[PDB]
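Q: I have a structure here, written as structure tokens, and I will follow up with some questions on it.
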Amino acid sequence: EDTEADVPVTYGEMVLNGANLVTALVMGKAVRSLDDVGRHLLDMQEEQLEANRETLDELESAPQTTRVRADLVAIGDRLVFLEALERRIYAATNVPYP
Amino acid sequence: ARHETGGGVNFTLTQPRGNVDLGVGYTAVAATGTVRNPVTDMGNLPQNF
Amino acid sequence: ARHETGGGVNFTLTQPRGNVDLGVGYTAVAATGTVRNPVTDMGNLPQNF
Amino acid sequence: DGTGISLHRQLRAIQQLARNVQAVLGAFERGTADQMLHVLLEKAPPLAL
Amino acid sequence: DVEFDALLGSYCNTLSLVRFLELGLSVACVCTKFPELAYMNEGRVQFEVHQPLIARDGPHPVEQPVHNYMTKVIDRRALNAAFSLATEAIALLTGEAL
Amino acid sequence: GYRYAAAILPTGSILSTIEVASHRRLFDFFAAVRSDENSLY
Amino acid sequence: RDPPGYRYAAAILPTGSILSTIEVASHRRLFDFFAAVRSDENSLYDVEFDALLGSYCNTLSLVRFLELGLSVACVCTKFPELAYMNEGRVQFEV
């Protein structure tokens with residue numbers, strides 16, 4: 001069941017923002033998305049009593065999608081992909097096939 | 001039933017249940033349909049009295 | 001960088017890349033099924049002490 | 001203490017009590033199913049017999 | 001010279017080109033461009049699992065709610081490549097005369 | 001885990017079922033704590 | 001052994017300028033961390049850190065026993081007085 005749609009962008013740009021700049025070079029530590037969790041530990045600080053009911057953040061509107069040449073096979077219940085990369089990224093090089 | 005303990009406090013929770021076989025005869029049935037593994041090795045050990 | 005040695009500039013672009021084994025389970029079993037060729041034959045080489 | 005941390009250490013003990021109490025109340029929702037099979041295998045003789 | 005290379009040597013040609021997320025291994029791979037990865041000492045991810053329990057009847061030990069807190073570290077394996085421009089080549093075509 | 005206040009934000013969800021097995025015998029810092037604890041606070 | 005170094009991004013915005021200038025080795029036995037550079041060094045420039053890259057805290061699927069196949073085999077009726085029963089019967093006339 002071929003020709004799957006895939007995501008083209010390298011997923012995410014974890015860059016040192018205004019929180020992760022000042023935390024990294026000064027305090028010698030960093031946290032992925034301290035912008036988020038710096039707000040969530042203070043939002044549940046004013047009003048608490050738990051929830052918990054969250055992955056502590058996720059929302060931004062979309063991933064980008066592009067349909068690509070591919071092969072999808074149906075094994076069992078799962079729609080499992082199938083690939084062989086000796087022709088794509090290993091032809092005429094000197095890397096042994098892994 | 002907050003009874004007590006050392007290193008903390010234990011709350012235990014009892015929930016009494018009651019169930020009755022409800023049809024007249026043979027309301028469920030089981031079937032051995034496979035064998036997973038043999039637990040014992042098959043013998044070659046004699047009884048030592 | 002750039003080589004001032006001749007033959008071009010030829011220096012190395014390098015990229016670092018880190019990863020974590022993700023998943024508390026087993027996550028990507030691999031299965032071995034076929035034989036292409038034995039790298040050593042079933043040979044007749046004697047042990048020489 | 002009323003300081004910025006001792007307000008927070010209250011909240012960490014609240015989430016444990018919440019996610020301790022969410023499990024054990026769900027345990028009887030799981031213990032109900034485990035109470036099925038150990039009385040349905042009081043009845044249900046095997047299919048071969 | 002790079003103002004032409006941003007036009008010509010940056011895109012608009014394949015002749016043999018692969019994109020990774022074009023390829024269908026990328027459903028195995030989270031991929032995230034973290035550009036300051038050279039500067040890190042360690043890279044930690046915390047896992048927390050919350051193991052449920054089942055009430056057990058009669059003369060039995062009593063099931064206690066257990067939690068498991070654990071961390072990992074990243075691994076670097078600093079990758080290299082190999083490049084060779086030629087004498088009378090890069091200088092000639094990047095502004096040393098002409 | 002090694003840090004507690006960062007765990008108050010979930011930063012994703014966990015989806016596994018593994019006990020004190022493989023995932024626990026792979027970690028740098030694991031702490032298997034019963035429901036009552038003192039060092040959490 | 002040593003305290004965690006000096007922090008060079010700290011005191012790029014200094015909270016106070018020292019009101020007195022002396023030779024610093026005159027109280028060398030006073031300090032805890034101490035580094036006396038020669039007009040530049042290599043360790044003035046490098047940065048280093050380590051990051052907690054996001055937790056993963058699974059939520060167990062709260063299974064309602066009715067939201068499960070096995071509760072068609074069984075009746076399930078509540079009885080909030082079952083601790084006070086001591087005997088019970090169903091009569092079954094056929």
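In the structure tokens, each chain is lettered A, B, ... as it comes, each chain's residues begin at 1, and ligands are numbered from 1 in order of appearance.
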Pairing every C-alpha atom in order, fit chain C onto chain B and give me the RMSD in Å.
A: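 Least-squares fit of chain C onto chain B, C-alpha RMSD 1.5 Å.
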Q: Just need the residues of chain D within 8 Å of chain F, counting only C-alpha atoms, so spit them out as a ChimeraX atom specification.
A: /D:9,12-13,16,20
Q: Between atom CA of residue G:57 and atom CA of residue F:14, what is the spacing in Å?
A: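 Distance reported for this atom pair: 4.6 Å.
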Q: Stretch 61-63 of chain A: which residues within 8 Å, counting only C-alpha atoms, same-chain residues fewer than 2 positions away excluded, as a compact mmCIF listing (two decimals) with N, CA, C and O atoms, in the first residue's frame?
A:
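Below you can see out17.txt, which holds the result:
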```txt
# COMPACT_ATOMS: atom_id res chain seq x y z
N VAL A 7 7.16 13.63 6.72
CA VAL A 7 7.46 14.98 7.19
C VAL A 7 8.82 15.38 6.61
O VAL A 7 9.77 14.58 6.67
N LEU A 59 1.49 22.06 22.01
CA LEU A 59 0.67 22.55 20.90
C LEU A 59 1.47 23.48 20.00
O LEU A 59 1.91 24.55 20.47
N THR A 65 3.95 18.40 5.77
CA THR A 65 3.88 17.08 5.15
C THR A 65 4.23 17.15 3.67
O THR A 65 3.88 18.12 2.99
```
Q: Taking only C-alpha atoms into account, which residues of chain G are within 6 Å of chain A, as a PyMOL selection string?
A: chain G and resi 9+49-54
Q: Looking only at the backbone, which of the residues in chain G does DSSP tag as strand (DSSP E or B), as a list in words?
A: residues 49, 50, 51, 52, 56 and 57 of chain G
Q: Save out the residues we just selected, N, CA and C atoms, as a PDB file, in the first residue's frame.
A:
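Generated output (result_10.pdb):
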```pdb
ATOM      1  N   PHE G  49      28.153  22.766  29.578  1.00  0.00           N
ATOM      2  CA  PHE G  49      26.909  22.554  30.301  1.00  0.00           C
ATOM      3  C   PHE G  49      26.402  21.144  30.043  1.00  0.00           C
ATOM      4  N   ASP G  50      25.252  20.831  30.631  1.00  0.00           N
ATOM      5  CA  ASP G  50      24.571  19.559  30.431  1.00  0.00           C
ATOM      6  C   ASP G  50      23.083  19.765  30.660  1.00  0.00           C
ATOM      7  N   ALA G  51      22.260  19.023  29.931  1.00  0.00           N
ATOM      8  CA  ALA G  51      20.858  19.378  29.802  1.00  0.00           C
ATOM      9  C   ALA G  51      19.951  18.192  30.074  1.00  0.00           C
ATOM     10  N   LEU G  52      18.905  18.433  30.852  1.00  0.00           N
ATOM     11  CA  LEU G  52      17.826  17.469  30.971  1.00  0.00           C
ATOM     12  C   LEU G  52      16.873  17.652  29.800  1.00  0.00           C
ATOM     13  N   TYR G  56       9.656  11.715  30.505  1.00  0.00           N
ATOM     14  CA  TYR G  56       8.632  10.874  29.909  1.00  0.00           C
ATOM     15  C   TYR G  56       7.891  10.130  31.008  1.00  0.00           C
ATOM     16  N   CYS G  57       6.687  10.596  31.319  1.00  0.00           N
ATOM     17  CA  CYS G  57       5.919  10.130  32.468  1.00  0.00           C
ATOM     18  C   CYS G  57       4.616   9.540  31.962  1.00  0.00           C
TER      19      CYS G  57
END
```
Q: Just need the residues of chain E within 9 Å of chain A, counting only C-alpha atoms, so spit them out as an MDAnalysis selection string.
A: chainID E and resid 17:27 30:36
Q: For chain E, work out the contacting residues on chain F at 8 Å, counting only C-alpha atoms, and write them as a PDB file with C-alpha atoms, in the first residue's frame.
A:
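Below is the file result_8.pdb, written as the result:
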```
ATOM      1  CA  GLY F   1      14.668  11.226  38.768  1.00  0.00           C
ATOM      2  CA  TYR F   2      17.966  12.921  39.539  1.00  0.00           C
ATOM      3  CA  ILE F  14       5.794   7.569  28.684  1.00  0.00           C
ATOM      4  CA  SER F  16       5.894   1.549  28.205  1.00  0.00           C
ATOM      5  CA  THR F  17       5.155  -1.113  30.835  1.00  0.00           C
ATOM      6  CA  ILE F  18       8.657  -2.193  31.934  1.00  0.00           C
ATOM      7  CA  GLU F  19       9.287  -3.078  35.609  1.00  0.00           C
ATOM      8  CA  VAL F  20      12.689  -3.351  37.422  1.00  0.00           C
ATOM      9  CA  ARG F  24      16.084  -0.432  35.206  1.00  0.00           C
ATOM     10  CA  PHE F  27      20.143   3.367  33.877  1.00  0.00           C
ATOM     11  CA  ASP F  28      22.855   5.531  35.446  1.00  0.00           C
ATOM     12  CA  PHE F  29      20.564   6.694  38.266  1.00  0.00           C
ATOM     13  CA  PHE F  30      17.468   4.722  39.166  1.00  0.00           C
ATOM     14  CA  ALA F  31      15.628   5.021  42.458  1.00  0.00           C
ATOM     15  CA  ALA F  32      12.859   2.527  43.154  1.00  0.00           C
ATOM     16  CA  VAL F  33      10.831   4.227  45.853  1.00  0.00           C
ATOM     17  CA  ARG F  34       7.754   3.001  47.676  1.00  0.00           C
ATOM     18  CA  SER F  35       4.795   5.371  47.930  1.00  0.00           C
TER      19      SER F  35
END
```
Q: Enumerate as JSON, numbers by chain the residues belonging to chain B that approach chain D to within 10 Å, with only C-alpha atoms taken into account.
A: {"B": [12, 13, 14, 15, 17, 19, 20, 21, 25, 26, 27, 28, 29, 30, 31, 32, 33]}
Q: Hey, can you spit out that residue selection with N, CA and C atoms as an mmCIF file, in the first residue's frame?
A:
```
data_model
loop_
_atom_site.group_PDB
_atom_site.id
_atom_site.type_symbol
_atom_site.label_atom_id
_atom_site.label_comp_id
_atom_site.auth_asym_id
_atom_site.auth_seq_id
_atom_site.Cartn_x
_atom_site.Cartn_y
_atom_site.Cartn_z
ATOM 1 N N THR B 12 -4.602 1.015 54.334
ATOM 2 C CA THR B 12 -5.036 -0.172 53.612
ATOM 3 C C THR B 12 -6.497 0.002 53.224
ATOM 4 N N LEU B 13 -6.933 -0.711 52.193
ATOM 5 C CA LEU B 13 -8.272 -0.541 51.644
ATOM 6 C C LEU B 13 -8.896 -1.904 51.407
ATOM 7 N N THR B 14 -9.930 -2.232 52.167
ATOM 8 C CA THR B 14 -10.657 -3.469 51.946
ATOM 9 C C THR B 14 -11.891 -3.164 51.115
ATOM 10 N N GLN B 15 -12.265 -4.108 50.264
ATOM 11 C CA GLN B 15 -13.426 -4.035 49.404
ATOM 12 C C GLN B 15 -14.104 -5.397 49.400
ATOM 13 N N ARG B 17 -16.434 -8.462 48.515
ATOM 14 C CA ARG B 17 -17.080 -8.909 47.287
ATOM 15 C C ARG B 17 -17.909 -10.150 47.561
ATOM 16 N N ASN B 19 -19.890 -13.327 45.088
ATOM 17 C CA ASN B 19 -20.257 -13.833 43.773
ATOM 18 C C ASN B 19 -20.842 -15.237 43.856
ATOM 19 N N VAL B 20 -21.797 -15.530 42.966
ATOM 20 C CA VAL B 20 -22.563 -16.773 42.983
ATOM 21 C C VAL B 20 -22.629 -17.335 41.568
ATOM 22 N N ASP B 21 -22.319 -18.632 41.436
ATOM 23 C CA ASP B 21 -22.524 -19.386 40.195
ATOM 24 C C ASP B 21 -24.017 -19.407 39.886
ATOM 25 N N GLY B 25 -26.344 -25.485 35.041
ATOM 26 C CA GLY B 25 -25.254 -26.424 34.865
ATOM 27 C C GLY B 25 -24.291 -25.976 33.793
ATOM 28 N N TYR B 26 -23.000 -25.943 34.159
ATOM 29 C CA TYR B 26 -21.865 -25.817 33.234
ATOM 30 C C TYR B 26 -21.921 -24.532 32.413
ATOM 31 N N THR B 27 -21.813 -23.392 33.086
ATOM 32 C CA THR B 27 -22.102 -22.129 32.420
ATOM 33 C C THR B 27 -20.870 -21.568 31.728
ATOM 34 N N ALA B 28 -19.700 -22.117 32.029
ATOM 35 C CA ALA B 28 -18.463 -21.765 31.354
ATOM 36 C C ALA B 28 -17.741 -23.044 30.992
ATOM 37 N N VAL B 29 -16.780 -22.960 30.082
ATOM 38 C CA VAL B 29 -15.972 -24.115 29.717
ATOM 39 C C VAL B 29 -14.571 -23.630 29.366
ATOM 40 N N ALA B 30 -13.570 -24.418 29.734
ATOM 41 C CA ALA B 30 -12.180 -24.134 29.416
ATOM 42 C C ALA B 30 -11.680 -25.195 28.457
ATOM 43 N N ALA B 31 -10.533 -24.944 27.846
ATOM 44 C CA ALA B 31 -9.913 -25.887 26.936
ATOM 45 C C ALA B 31 -8.423 -25.606 26.873
ATOM 46 N N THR B 32 -7.626 -26.603 27.228
ATOM 47 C CA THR B 32 -6.207 -26.565 26.928
ATOM 48 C C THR B 32 -6.015 -26.699 25.426
ATOM 49 N N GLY B 33 -5.357 -25.721 24.812
ATOM 50 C CA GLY B 33 -5.335 -25.640 23.358
ATOM 51 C C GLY B 33 -3.905 -25.607 22.844
#
```
Q: Report as JSON lines the residues of chain B within 12 Å of chain F, each with its shortest atom pair and distance in Å (one decimal), using only C-alpha atoms, ordered by chain and increasing residue number.
A:
```
{"residue": "B:5", "atom": "CA", "partner": "F:36", "partner_atom": "CA", "distance": 10.7}
{"residue": "B:6", "atom": "CA", "partner": "F:36", "partner_atom": "CA", "distance": 10.4}
{"residue": "B:7", "atom": "CA", "partner": "F:36", "partner_atom": "CA", "distance": 7.6}
{"residue": "B:8", "atom": "CA", "partner": "F:36", "partner_atom": "CA", "distance": 5.8}
{"residue": "B:9", "atom": "CA", "partner": "F:36", "partner_atom": "CA", "distance": 7.5}
{"residue": "B:10", "atom": "CA", "partner": "F:36", "partner_atom": "CA", "distance": 8.5}
{"residue": "B:11", "atom": "CA", "partner": "F:36", "partner_atom": "CA", "distance": 10.8}
```
Q: Take the residues from that selection and write them out as a PDB file, in the first residue's frame, keeping C-alpha atoms.
A:
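Here's the written file part_6.pdb:
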```pdb
ATOM      1  CA  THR B   5       3.882   1.855  60.462  1.00  0.00           C
ATOM      2  CA  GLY B   6       7.526   2.850  60.695  1.00  0.00           C
ATOM      3  CA  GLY B   7       8.961   5.128  58.050  1.00  0.00           C
ATOM      4  CA  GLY B   8       5.552   6.417  57.018  1.00  0.00           C
ATOM      5  CA  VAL B   9       1.819   5.836  57.331  1.00  0.00           C
ATOM      6  CA  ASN B  10       0.006   2.878  55.753  1.00  0.00           C
ATOM      7  CA  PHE B  11      -3.569   3.199  54.556  1.00  0.00           C
TER       8      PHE B  11
END
```
Q: Taking into account only C-alpha atoms, which residue in the set A:77, A:58, A:36, A:50 is nearest to chain D?
A: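 Among the listed residues, A:50 lies closest to chain D.
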Q: Can you write out as JSON lines which residues of chain D fall within 10 Å of chain A, alongside each residue's closest atom pair and its distance in Å to one decimal, counting only C-alpha atoms and ordering rows by chain and ascending residue number?
A:
```
{"residue": "D:4", "atom": "CA", "partner": "A:45", "partner_atom": "CA", "distance": 9.2}
{"residue": "D:7", "atom": "CA", "partner": "A:45", "partner_atom": "CA", "distance": 7.6}
{"residue": "D:8", "atom": "CA", "partner": "A:45", "partner_atom": "CA", "distance": 6.9}
{"residue": "D:10", "atom": "CA", "partner": "A:48", "partner_atom": "CA", "distance": 9.6}
{"residue": "D:11", "atom": "CA", "partner": "A:48", "partner_atom": "CA", "distance": 7.0}
{"residue": "D:12", "atom": "CA", "partner": "A:50", "partner_atom": "CA", "distance": 9.2}
{"residue": "D:14", "atom": "CA", "partner": "A:50", "partner_atom": "CA", "distance": 6.8}
{"residue": "D:15", "atom": "CA", "partner": "A:50", "partner_atom": "CA", "distance": 5.9}
{"residue": "D:16", "atom": "CA", "partner": "A:50", "partner_atom": "CA", "distance": 9.5}
{"residue": "D:17", "atom": "CA", "partner": "A:50", "partner_atom": "CA", "distance": 9.7}
{"residue": "D:18", "atom": "CA", "partner": "A:50", "partner_atom": "CA", "distance": 7.3}
{"residue": "D:19", "atom": "CA", "partner": "A:52", "partner_atom": "CA", "distance": 8.4}
```
Q: For the residues selected in the previous step, produce a file with N, CA and C atoms as an mmCIF file, in the first residue's frame.
A:
```cif
data_model
loop_
_atom_site.group_PDB
_atom_site.id
_atom_site.type_symbol
_atom_site.label_atom_id
_atom_site.label_comp_id
_atom_site.auth_asym_id
_atom_site.auth_seq_id
_atom_site.Cartn_x
_atom_site.Cartn_y
_atom_site.Cartn_z
ATOM 1 N N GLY D 4 9.443 30.423 48.544
ATOM 2 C CA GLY D 4 9.117 30.007 47.191
ATOM 3 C C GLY D 4 9.254 28.514 46.970
ATOM 4 N N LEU D 7 6.324 26.431 49.382
ATOM 5 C CA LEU D 7 5.047 26.312 48.694
ATOM 6 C C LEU D 7 5.088 25.171 47.688
ATOM 7 N N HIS D 8 6.258 24.929 47.096
ATOM 8 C CA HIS D 8 6.358 23.968 46.005
ATOM 9 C C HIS D 8 6.456 22.544 46.519
ATOM 10 N N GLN D 10 5.002 21.363 48.962
ATOM 11 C CA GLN D 10 3.635 20.939 49.216
ATOM 12 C C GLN D 10 3.036 20.293 47.981
ATOM 13 N N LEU D 11 3.290 20.879 46.810
ATOM 14 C CA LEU D 11 2.642 20.426 45.587
ATOM 15 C C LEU D 11 3.182 19.082 45.134
ATOM 16 N N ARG D 12 4.432 18.784 45.469
ATOM 17 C CA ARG D 12 5.006 17.514 45.052
ATOM 18 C C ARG D 12 4.421 16.366 45.864
ATOM 19 N N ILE D 14 1.367 16.481 46.938
ATOM 20 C CA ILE D 14 -0.018 16.384 46.487
ATOM 21 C C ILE D 14 -0.118 15.503 45.252
ATOM 22 N N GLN D 15 0.822 15.649 44.319
ATOM 23 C CA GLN D 15 0.769 14.842 43.107
ATOM 24 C C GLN D 15 1.036 13.375 43.391
ATOM 25 N N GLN D 16 1.842 13.073 44.408
ATOM 26 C CA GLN D 16 2.043 11.670 44.754
ATOM 27 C C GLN D 16 0.781 11.069 45.338
ATOM 28 N N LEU D 17 0.167 11.769 46.294
ATOM 29 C CA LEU D 17 -1.090 11.327 46.885
ATOM 30 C C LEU D 17 -2.188 11.233 45.840
ATOM 31 N N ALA D 18 -2.153 12.097 44.831
ATOM 32 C CA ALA D 18 -3.128 11.980 43.757
ATOM 33 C C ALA D 18 -2.842 10.775 42.875
ATOM 34 N N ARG D 19 -1.569 10.492 42.590
ATOM 35 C CA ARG D 19 -1.282 9.392 41.677
ATOM 36 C C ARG D 19 -0.963 8.116 42.441
#
```
Q: With 9 Å as the limit and counting only C-alpha atoms, what residues in chain D lie close to chain G? Please list them as a list in words.
A: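 Residues passing the distance filter: residues 22, 23, 26, 29, 30, 32, 33 and 36 of chain D.
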Q: Using the selection just defined, write its residues with C-alpha atoms as a PDB file, in the first residue's frame.
A:
```
ATOM      1  CA  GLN D  22      -5.562   7.013  41.284  1.00  0.00           C
ATOM      2  CA  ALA D  23      -3.840   3.651  41.118  1.00  0.00           C
ATOM      3  CA  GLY D  26      -8.176   1.572  39.644  1.00  0.00           C
ATOM      4  CA  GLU D  29     -11.260  -2.050  38.618  1.00  0.00           C
ATOM      5  CA  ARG D  30      -8.481  -4.483  37.752  1.00  0.00           C
ATOM      6  CA  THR D  32     -12.642  -7.259  39.475  1.00  0.00           C
ATOM      7  CA  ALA D  33     -11.340  -8.966  36.337  1.00  0.00           C
ATOM      8  CA  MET D  36     -13.555 -13.443  37.438  1.00  0.00           C
TER       9      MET D  36
END
```
Q: Could you please determine the separation between atom CA of residue G:3 and atom CA of residue G:31 in Å, to one decimal place?
A: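 Distance between the two atoms: 10.9 Å.
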Q: What does the distance between atom CA of residue A:91 and atom CA of residue A:74 come to in Å, to one decimal place?
A: 27.9 Å
Q: Out of C:23, C:34, C:18, C:41, which residue has the shortest atom-to-atom distance to chain E when counting only C-alpha atoms?
A: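 Comparing C:23, C:34, C:18, C:41 against chain E, the winner is C:18.
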Q: If you take only C-alpha atoms and a cut-off of 8 Å, which residues of chain F touch chain G, and what are their nearest atom pairs and distances in Å to one decimal, in chain and number order, as a Markdown table?
A:
```
| residue | atom | partner | partner_atom | distance |
| --- | --- | --- | --- | --- |
| F:6 | CA | G:55 | CA | 7.7 |
| F:7 | CA | G:55 | CA | 6.3 |
| F:9 | CA | G:55 | CA | 7.7 |
| F:10 | CA | G:55 | CA | 5.6 |
| F:11 | CA | G:54 | CA | 5.0 |
| F:12 | CA | G:56 | CA | 5.2 |
| F:13 | CA | G:56 | CA | 4.7 |
| F:14 | CA | G:58 | CA | 3.4 |
| F:15 | CA | G:58 | CA | 5.2 |
| F:16 | CA | G:58 | CA | 7.2 |
```
Q: Those same residues - N, CA, C and O atoms - I'd like them written as a short mmCIF file (atom, residue, chain, number, x, y, z; two decimals), in the first residue's frame.
A:
```cif
data_model
loop_
_atom_site.label_atom_id
_atom_site.label_comp_id
_atom_site.auth_asym_id
_atom_site.auth_seq_id
_atom_site.Cartn_x
_atom_site.Cartn_y
_atom_site.Cartn_z
N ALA F 6 11.97 19.37 37.59
CA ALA F 6 11.78 19.27 36.15
C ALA F 6 10.74 18.23 35.81
O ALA F 6 10.16 18.27 34.72
N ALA F 7 10.49 17.28 36.71
CA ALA F 7 9.50 16.24 36.45
C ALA F 7 8.09 16.72 36.71
O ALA F 7 7.14 16.02 36.36
N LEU F 9 6.89 19.17 35.17
CA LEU F 9 6.48 19.29 33.77
C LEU F 9 6.75 17.95 33.10
O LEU F 9 7.86 17.42 33.24
N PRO F 10 5.78 17.37 32.39
CA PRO F 10 6.00 16.01 31.88
C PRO F 10 6.90 15.94 30.66
O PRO F 10 7.51 14.88 30.44
N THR F 11 7.01 17.04 29.89
CA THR F 11 7.74 17.17 28.60
C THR F 11 7.62 15.95 27.68
O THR F 11 8.56 15.55 27.00
N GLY F 12 6.41 15.41 27.60
CA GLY F 12 6.16 14.22 26.83
C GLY F 12 5.54 13.16 27.69
O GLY F 12 5.50 13.30 28.92
N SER F 13 5.04 12.08 27.09
CA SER F 13 4.44 11.03 27.89
C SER F 13 5.23 9.74 27.75
O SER F 13 5.97 9.57 26.78
N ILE F 14 5.08 8.84 28.71
CA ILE F 14 5.79 7.57 28.68
C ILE F 14 4.73 6.55 28.31
O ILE F 14 3.56 6.72 28.65
N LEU F 15 5.12 5.49 27.60
CA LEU F 15 4.10 4.67 26.97
C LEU F 15 4.37 3.19 27.24
O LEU F 15 3.63 2.32 26.79
N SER F 16 5.42 2.91 28.01
CA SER F 16 5.89 1.55 28.20
C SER F 16 5.23 0.85 29.38
O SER F 16 4.24 1.35 29.92
#
```
Q: Give me, as a PyMOL selection string, the contact residues of chain E against chain B at a cut-off of 12 Å, counting only C-alpha atoms.
A: chain E and resi 54-58+61-65
